[PDB]
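FYI, in the numbering used here the residues of the sequence shown are 113 to 199.
We put the beta carbon where it would ideally sit given N, CA and C, even for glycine.
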Amino acid sequence: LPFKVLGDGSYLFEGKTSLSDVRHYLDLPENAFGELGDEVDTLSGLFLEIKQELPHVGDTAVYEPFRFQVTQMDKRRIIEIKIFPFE
Numbered sequence: 113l114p115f116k117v118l119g120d121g122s123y124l125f126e127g128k129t130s131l132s133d134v135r136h137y138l139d140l141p142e143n144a145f146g147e148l149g150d151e152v153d154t155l156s157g158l159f160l161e162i163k164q165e166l167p168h169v170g171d172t173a174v175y176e177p178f179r180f181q182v183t184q185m186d187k188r189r190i191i192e193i194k195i196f197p198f199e
């Protein structure tokens, strides 16, 4: 599985996970990531589409009701994103 379920209600996903697969694993409606999400294929792509800059570890992005944080990178790529708990 491309994700971890954390005890605090948050999730850790591989950055390359498709938005399709994020919606699948988190039981989200089709429009969860909206028009912006329709422009990209992956969770790290959504982060880049929101922030429009090269990423660093520790960066955050919001697409309500979601909040994302880059928790790990290799030398050039986002490899893990935290999705905070959401209502």
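Query	Result
Between which two residues does the alpha helix (DSSP H) harbouring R179 extend?	Not the alpha helix (DSSP H): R179 falls in the beta strand (DSSP E), residues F178 to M185.
For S130, which of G149, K116, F180 and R189 has the nearest alpha-carbon?	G149
Would you list the residues sitting across from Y175 in a DSSP beta bridge?	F178
Give the DSSP-derived three-state secondary structure of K128 in the structure shown.	coil
From this set, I193, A144 and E161, which residue's C-alpha is nearest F180's C-alpha?	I193
The alpha helix (DSSP H) with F145 in it runs from where to where?	Looking at the DSSP string, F145 is not in any alpha helix (DSSP H), and its letter there is neither H nor E.
Does the pairing of the segment 115 to 134 with the segment 144 to 159 give three or more beta-carbon distances under 8 Å?	yes
With DSSP collapsed to three states, give me the class of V117.	strand
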